[PDB]
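Undergrad: experimental structure and sequence below, a few questions after.
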Amino acid sequence: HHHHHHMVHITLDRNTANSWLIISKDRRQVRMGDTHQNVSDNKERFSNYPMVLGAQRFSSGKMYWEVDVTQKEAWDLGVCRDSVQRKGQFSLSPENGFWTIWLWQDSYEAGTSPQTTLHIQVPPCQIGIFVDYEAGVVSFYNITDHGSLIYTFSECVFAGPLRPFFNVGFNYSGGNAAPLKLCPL
Ligand SMILES: CC[C@H](NC)c1ccncc1
């Protein structure tokens, strides 16, 4: 791909984080803590899952960023509407305002309803995410495999401002403690 020139500097929004997440001082890394991180509750925080949003809101244009997923067993990545549900149980789907892919139990899937199997020959250590607001496109790229396409959501109905979306996943196994990291431009 040739989307690198639309690179944007993403930072994480502490106020949206699940209360067990630990965000680095530079707001570029996030990981699951082993306990509640001693923050007050608020209506923005994702309650049920280890999720957090980027601070940036996008309503036009072309945007690109990259995320490091090295040594993780489970995670979700993509974009979502600013108005997505924060509290309780929900599925990641375009009907609920999410355009995402994930790793779970040694398989990669796109967050369609129902979910779509991905075909990845080279497990990615870094993911590139491209959003074209006007075109209604969200695309995912395998940076480890020379930028190869993973998945394209097209005919997207964003229906509002978009925010970068992250889920570090649970760590029931003891093998999923590693952070998500926003990679340098
Ligand atoms: C408290 C249940 C669960 N422990 C892994 C949990 C659920 C949601 N956020 C953080 C942690």
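TA: Thanks, I have the structure now. Residues are numbered from 1 along each chain as shown.

Undergrad: so which residues on this protein come close to the ligand?
TA: 18, 20, 48, 170 (Cβ under 6 Å from any ligand atom). (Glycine included, C-beta is placed from N, CA and C.)

Undergrad: check the residues you listed for burial and list the buried ones.
TA: 18, 20 (16 or more other Cβ atoms under 10 Å).

Undergrad: surely residue 121 touches residue 145?
TA: Yes: contact criterion Cβ atoms under 8 Å: residue 121 and residue 145 qualify, at 7.3 Å.

Undergrad: gap between the residue most central in space within the chain and residue 47?
TA: Nearest residue to the geometric centre of the chain (Cα atoms, centre = their mean): residue 77, 2.3 Å. Applying Cβ to Cβ, to the nearest Å, the value for residue 77 to residue 47 is 20 Å.

Undergrad: again, but for residue 68
TA: For residue 68, the distance to residue 47 - Cβ to Cβ - is 26 Å.

Undergrad: looking at those two, which is more packed in?
TA: residue 68 (19 against 14; other Cβ atoms under 10 Å).

Undergrad: and the nearest residue to the more buried one once chain neighbours are set aside, what element?
TA: Closest residue to residue 68 apart from its sequence neighbours, by Cβ to Cβ, 6 or more residues apart in numbering: residue 181 at 4.0 Å. According to DSSP states H and E, residue 181 maps onto strand 180-182.
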